[PDB]
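The next block holds one structure in the form of structure tokens; read it before the comments.
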Amino acid sequence: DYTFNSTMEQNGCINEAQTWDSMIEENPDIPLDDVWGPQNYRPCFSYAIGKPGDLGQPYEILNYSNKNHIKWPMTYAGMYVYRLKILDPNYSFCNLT
Amino acid sequence: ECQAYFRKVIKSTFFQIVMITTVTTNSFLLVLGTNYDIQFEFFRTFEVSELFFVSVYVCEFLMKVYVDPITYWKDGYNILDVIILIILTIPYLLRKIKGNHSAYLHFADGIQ
Amino acid sequence: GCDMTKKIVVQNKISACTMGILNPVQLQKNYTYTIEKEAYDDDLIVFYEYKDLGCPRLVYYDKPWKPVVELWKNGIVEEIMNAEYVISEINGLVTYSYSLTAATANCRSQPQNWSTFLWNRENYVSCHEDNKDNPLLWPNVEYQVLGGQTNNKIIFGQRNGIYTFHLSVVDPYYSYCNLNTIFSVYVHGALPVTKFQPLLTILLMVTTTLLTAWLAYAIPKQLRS
Ligand SMILES: *[C@@H]1O[C@H](CO)[C@@H](O[C@@H]2O[C@H](CO)[C@@H](O[C@@H]3O[C@H](CO[C@@H]4O[C@H](CO)[C@@H](O)[C@H](O)[C@@H]4O)[C@@H](O)[C@H](O[C@@H]4O[C@H](CO)[C@@H](O)[C@H](O)[C@@H]4O)[C@@H]3O)[C@H](O)[C@H]2NC(C)=O)[C@H](O)[C@H]1NC(C)=O
Ligand SMILES: *[C@@H]1O[C@H](CO)[C@@H](O[C@@H]2O[C@H](CO)[C@@H](O[C@@H]3O[C@H](CO)[C@@H](O)[C@H](O)[C@@H]3O)[C@H](O)[C@H]2NC(C)=O)[C@H](O)[C@H]1NC(C)=O
Ligand SMILES: *[C@@H]1O[C@H](CO)[C@@H](O[C@@H]2O[C@H](CO)[C@@H](O)[C@H](O)[C@H]2NC(C)=O)[C@H](O)[C@H]1NC(C)=O
Ligand SMILES: *[C@@H]1O[C@H](CO)[C@@H](O)[C@H](O)[C@H]1NC(C)=O
């Protein structure tokens, strides 16, 4: 139960992106740290790579120059200890979390 | 001679019921014709029904081609319906089988 | 010589997808379409590729249409393309006519058509010069060249299917680069005709004869009463 600012579209994603739930579905048994990262990243603004899927699901590749804020359900109160990880495959040589 | 029997037949409610049924099926054809699928596909029913309708309207004009146009030239509703038949028959005669020089389509739903 | 950074693109401002005919989410998985025996002589079929083409353009039957092509340098729009260009079919269909046939285009040197053999910047000699030994054998032979100073377009047929236009820029004074592209269009007409030799007048005469036969049958009904 957590969502964000926007969807596939209104961010420029021409073709289908890759979201967190789909990627947790992608990897059956290995923990999350080896699920998604800079070794696996494929951009959405591609028009040739992965998928012409339906657009409008929540978009979690959030970055600057993008407004993408975080959102949680209003009703119940809780905490979600988020660890932030950088996804760009040619930004730096090391891991930054 | 047989004009009395013909006028008796034209006074019968069954012929008018058949006419009303045919033109109500024409109304349903127009209802399905404003769509795009039945406009040109799954349209053999459209073809045969339209042939039936134009046959019926030609028959109606044959009933109204009598000497009664001595009353279909001064009256009210009567001139309206025969003129409606004329402005029906001429365009689709030059539209369904056109083969002519004309600009485009703007009188299909109008004719219906 | 040539400038390899230049390319030609066809605008796809509104495409046939994202409306009530076809969706982008499906076409990539072998969305094969039909040909109704009009290309050369049978069971020809066509295989669209979404990745290579995209969502095809959408036009209507009996609409004078011209593609508008833009020039791109380093991935940037810079200028629309106004030179003379020609189109052809890779599959080889003939169910599309052309506009005004070169006499109202004020041609004077017997233009060549898609029958001399591919066109390029090399083979093409125009007909708007004043060459002195082929003025005409031509009342109304068409003018298979779009663009330029002339204003001829392509009048579409009633096939209601996808078309793959192979476009070649044909002017030999624009650039040395043999500009060429492939794009896709789709037509959505009004009505196919299966009337055959029975005419409206023929069926009208048949109905009049049948109704007169019915009247001749109903005359004894009054006679017997
Ligand atoms: C931070 O996050 C933001 C968004 O959240 C990112 O901004 C996005 O950056 C993308 C690229 O860096 C932009 O992607 C688009 O890609 C299209 C490529 O499509 C081509 O199409 C031709 C057709 O002939 C093909 O041959 C090619 O192979 C490609 O497939 C471009 O067309 C597109 O250019 C324009 O985009 C605007 C939208 O702003 C359209 O309105 C316009 O019509 C045109 O298509 C663009 O390059 C993406 O638009 C952009 N999004 C936003 C909202 O800015 C940042 O990149 C992220 N930060 C970092 C550092 O990565
Ligand atoms: C493509 O262009 C060539 C010209 O290089 C066209 O050939 C010429 O076409 C005209 C018009 O059809 C011919 O003139 C007439 O031919 C008919 C016979 O079809 C004849 O009865 C008339 O009296 C008159 O001569 C002309 O002869 C012909 N030239 C040659 C050398 O064949 C060709 O028709 C064009 N094709 C298309 C598809 O546009
Ligand atoms: C996501 O929610 C935020 C609210 O925090 C919206 O952010 C605004 O974005 C506009 C667009 O430039 C700015 O002018 C505002 O200053 C922003 N306000 C705040 C509080 O951040 C953003 O519009 C939302 N995204 C979408 C797609 O609706
Ligand atoms: C469609 O083509 C692709 C690639 O050519 C192939 O993998 C797929 O099996 C084909 N599907 C059908 C139904 O022919």
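How things are named: the first chain in the structure tokens is A, the next is B, and so on; residues count from 1 in each chain; ligands count from 1 in the order shown.
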message = Around ligand 4, out to 12 Å and counting only C-alpha atoms and all ligand atoms, which residues are there? I want them as a PyMOL selection string.
response = chain C and resi 26-33+45-51
request  = Check which residues fall inside 9 Å of ligand 2 when counting only C-alpha atoms and all ligand atoms, and print them as an NGL selection string.
outcome  = :C and (110-116 or 136-144)
Neighbour list for residue 79 in chain A as a list in words, cut-off 12 Å, only C-alpha atoms, skip fewer than 6 positions in-chain =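 Once the nearby chain positions are removed, what remains is residues 1, 2, 72 and 73 of chain A.
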Using N, CA, C and O atoms, can you export the residues from the last selection as a CSV table (one decimal), in the first residue's frame?
chain,number,residue,atom,x,y,z
A,1,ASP,N,0.8,-1.2,0.0
A,1,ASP,CA,0.0,0.0,0.0
A,1,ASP,C,0.9,1.2,0.0
A,1,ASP,O,1.1,1.9,1.0
A,2,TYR,N,1.4,1.6,-1.2
A,2,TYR,CA,2.1,2.8,-1.4
A,2,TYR,C,2.1,3.1,-2.9
A,2,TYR,O,2.3,2.2,-3.7
A,72,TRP,N,0.9,7.5,0.4
A,72,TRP,CA,0.5,6.4,1.3
A,72,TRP,C,-1.0,6.5,1.5
A,72,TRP,O,-1.6,7.6,1.4
A,73,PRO,N,-1.7,5.4,1.9
A,73,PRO,CA,-3.1,5.5,2.2
A,73,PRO,C,-3.4,6.4,3.4
A,73,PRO,O,-2.6,6.4,4.4
task = May I have the residues within 7 Å of ligand 3, computed using only C-alpha atoms and all ligand atoms, as a PyMOL selection string?
result = chain A and resi 5-6+10+67-69
request  = Using only C-alpha atoms, determine which residues lie at most 12 Å from residue 33 in chain A, disregarding the query and same-chain residues fewer than 5 positions distant; provide the list as a PyMOL selection string.
outcome  = chain A and resi 23-24+27+38-40+83-85+95+97
May I ask you to extract the residues of chain A within 9 Å of chain C, using only C-alpha atoms, and to give them as a compact mmCIF listing (two decimals) with N, CA, C and O atoms, in the first residue's frame?
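Produced file part-v7.txt, reproduced below:
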# COMPACT_ATOMS: atom_id res chain seq x y z
N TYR A 47 10.54 2.92 -27.20
CA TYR A 47 9.80 2.65 -28.43
C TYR A 47 10.30 1.42 -29.17
O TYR A 47 9.76 1.09 -30.24
N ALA A 48 11.32 0.72 -28.66
CA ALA A 48 11.85 -0.44 -29.36
C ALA A 48 12.21 -1.63 -28.48
O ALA A 48 12.43 -2.71 -29.03
N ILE A 49 12.29 -1.49 -27.16
CA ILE A 49 12.99 -2.50 -26.37
C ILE A 49 12.07 -3.58 -25.83
O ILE A 49 12.16 -4.74 -26.24
N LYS A 51 8.18 -3.57 -24.51
CA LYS A 51 6.75 -3.84 -24.43
C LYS A 51 5.90 -2.63 -24.77
O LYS A 51 6.17 -1.52 -24.30
N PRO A 52 4.87 -2.79 -25.61
CA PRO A 52 3.85 -1.75 -25.78
C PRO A 52 2.65 -1.94 -24.86
O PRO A 52 1.49 -1.95 -25.30
N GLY A 53 2.90 -2.09 -23.57
CA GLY A 53 1.83 -2.38 -22.63
C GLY A 53 0.92 -1.19 -22.38
O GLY A 53 1.20 -0.05 -22.74
N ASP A 54 -0.22 -1.49 -21.75
CA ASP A 54 -1.17 -0.45 -21.38
C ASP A 54 -0.54 0.48 -20.36
O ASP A 54 0.15 0.05 -19.44
ask   = Which distance in Å separates CA of residue 42 in chain B and CA of residue 101 in chain B, to one decimal?
value =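 Result for CA of residue 42 in chain B versus CA of residue 101 in chain B: 28.9 Å, one decimal.
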Show me a table, sorted first by chain and then by increasing residue number, of the residues of chain C having an atom at most 10 Å from ligand 1, each with its shortest atom pair and the distance in Å to one decimal, counting only C-alpha atoms and all ligand atoms and written as CSV.
residue,atom,partner,partner_atom_place_in_ligand_line,distance
C:7,CA,ligand 1,24 (O),9.7
C:8,CA,ligand 1,24 (O),9.4
C:9,CA,ligand 1,24 (O),7.0
C:10,CA,ligand 1,24 (O),9.0
C:11,CA,ligand 1,24 (O),9.7
C:12,CA,ligand 1,23 (C),9.8
C:13,CA,ligand 1,43 (O),9.2
C:51,CA,ligand 1,30 (O),9.7
C:52,CA,ligand 1,26 (O),9.3
C:53,CA,ligand 1,24 (O),9.5
C:54,CA,ligand 1,23 (C),8.9
C:72,CA,ligand 1,24 (O),9.7
C:75,CA,ligand 1,22 (C),8.3
C:76,CA,ligand 1,34 (O),9.3
Let's have the selection written as a compact mmCIF listing (two decimals), in the first residue's frame, with N, CA, C and O atoms.
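The resulting file, again-v4.txt, is reproduced below:
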# COMPACT_ATOMS: atom_id res chain seq x y z
N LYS C 7 17.84 12.83 -42.44
CA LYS C 7 16.83 11.78 -42.58
C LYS C 7 15.47 12.41 -42.82
O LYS C 7 15.27 13.60 -42.57
N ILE C 8 14.54 11.61 -43.33
CA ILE C 8 13.18 12.06 -43.61
C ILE C 8 12.21 11.31 -42.71
O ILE C 8 12.33 10.09 -42.53
N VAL C 9 11.25 12.03 -42.14
CA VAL C 9 10.22 11.42 -41.32
C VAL C 9 8.86 11.91 -41.79
O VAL C 9 8.71 13.02 -42.29
N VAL C 10 7.85 11.05 -41.62
CA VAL C 10 6.47 11.39 -41.92
C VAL C 10 5.76 11.64 -40.60
O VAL C 10 5.89 10.84 -39.66
N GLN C 11 5.04 12.76 -40.52
CA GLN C 11 4.31 13.07 -39.29
C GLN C 11 3.23 12.04 -39.01
O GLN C 11 2.51 11.60 -39.91
N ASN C 12 3.12 11.66 -37.75
CA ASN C 12 2.11 10.76 -37.22
C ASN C 12 1.41 11.42 -36.04
O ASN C 12 1.32 10.87 -34.95
N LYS C 13 0.94 12.66 -36.27
CA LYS C 13 0.39 13.49 -35.20
C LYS C 13 -0.78 12.81 -34.50
O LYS C 13 -0.88 12.84 -33.27
N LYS C 51 7.14 -2.74 -34.12
CA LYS C 51 8.43 -2.19 -33.72
C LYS C 51 9.06 -1.37 -34.84
O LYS C 51 9.59 -0.28 -34.60
N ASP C 52 9.02 -1.89 -36.06
CA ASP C 52 9.64 -1.19 -37.18
C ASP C 52 8.80 -0.02 -37.67
O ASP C 52 9.34 1.01 -38.08
N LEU C 53 7.47 -0.15 -37.63
CA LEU C 53 6.58 0.87 -38.17
C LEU C 53 6.02 1.79 -37.08
O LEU C 53 6.19 3.01 -37.15
N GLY C 54 5.36 1.22 -36.08
CA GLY C 54 4.69 2.02 -35.08
C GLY C 54 3.19 1.92 -35.23
O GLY C 54 2.67 0.90 -35.68
N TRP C 72 15.25 15.89 -40.88
CA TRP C 72 15.84 15.84 -39.56
C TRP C 72 17.35 15.80 -39.68
O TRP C 72 17.90 14.98 -40.43
N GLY C 75 18.76 14.41 -35.24
CA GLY C 75 17.60 14.13 -34.42
C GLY C 75 16.72 15.32 -34.10
O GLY C 75 15.90 15.24 -33.19
N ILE C 76 16.86 16.42 -34.84
CA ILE C 76 16.13 17.66 -34.57
C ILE C 76 15.34 18.04 -35.81
O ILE C 76 15.85 17.96 -36.93
request  = Do a neighbour search on residue 90 in chain C at 9 Å with only C-alpha atoms, toss out local chain neighbours closer than 2 positions, and write the hits as a list in words.
outcome  =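 Near residue 90 in chain C, the qualifying residues are residues 88, 92, 93, 164, 165 and 166 of chain C.
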request  = Would you kindly return, as a list in words, each protein, DNA or RNA residue with an atom no farther than 10 Å from any atom of range 15-26 of chain B, considering only C-alpha atoms and excluding same-chain residues fewer than 4 positions away?
outcome  =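 Counting only the stated atoms, we get residues 9, 10, 11, 30, 31, 32, 33, 46, 49, 50, 52, 53, 54, 56, 57, 60 and 112 of chain B.
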Residues from last step as file, C-alpha atoms, as a PDB file, in the first residue's frame:
ATOM      1  CA  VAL B   9     -57.290  -3.447 -50.831  1.00  0.00           C
ATOM      2  CA  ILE B  10     -55.522  -0.121 -50.233  1.00  0.00           C
ATOM      3  CA  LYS B  11     -58.034   0.551 -47.427  1.00  0.00           C
ATOM      4  CA  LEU B  30     -30.453   3.660 -39.945  1.00  0.00           C
ATOM      5  CA  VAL B  31     -29.951   3.138 -36.193  1.00  0.00           C
ATOM      6  CA  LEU B  32     -27.419   0.398 -36.956  1.00  0.00           C
ATOM      7  CA  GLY B  33     -26.022   2.433 -39.871  1.00  0.00           C
ATOM      8  CA  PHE B  46     -28.231  -4.325 -44.749  1.00  0.00           C
ATOM      9  CA  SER B  49     -33.157  -5.226 -46.279  1.00  0.00           C
ATOM     10  CA  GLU B  50     -32.394  -2.089 -48.314  1.00  0.00           C
ATOM     11  CA  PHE B  52     -36.662  -4.908 -49.793  1.00  0.00           C
ATOM     12  CA  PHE B  53     -37.244  -1.304 -48.680  1.00  0.00           C
ATOM     13  CA  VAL B  54     -36.625   0.209 -52.115  1.00  0.00           C
ATOM     14  CA  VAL B  56     -41.648  -1.475 -51.147  1.00  0.00           C
ATOM     15  CA  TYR B  57     -41.201   2.252 -51.836  1.00  0.00           C
ATOM     16  CA  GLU B  60     -45.954   2.623 -53.014  1.00  0.00           C
ATOM     17  CA  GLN B 112     -32.846   7.390 -44.543  1.00  0.00           C
TER      18      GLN B 112
END
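Here is the contact set of chain C against chain B, at 9 Å and counting only C-alpha atoms: residues 62, 189, 190, 191, 192, 193, 194, 195, 199, 200, 201, 203, 204, 207, 208, 211, 215, 218, 219, 221, 222 and 223 of chain C.
Between CA of residue 61 in chain B and CA of residue 82 in chain B the separation is 7.4 Å.
Our summary of the geometry notes that CA of residue 68 in chain C is positioned 19.0 Å from CA of residue 177 in chain C.
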task = Write out as a list in words all residues of range 25-146 of chain C that DSSP puts in alpha helix (DSSP H) for this structure's backbone.
result = residues 50, 51, 52 and 53 of chain C
task = Check the DSSP output for the backbone and give back, as a ChimeraX atom specification, the residues of chain A in strand (DSSP E).
result = /A:3-4,70-71
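If you count only C-alpha atoms and ignore residues fewer than 4 places along the chain from range 82-86 of chain C, what sits within 6 Å of it is residues 145, 146, 147, 148, 167, 168, 169, 170 and 171 of chain C.
Taking only C-alpha atoms into account, residue 20 in chain A lies nearest to A:35 out of the set A:77, A:70, A:8, A:35.
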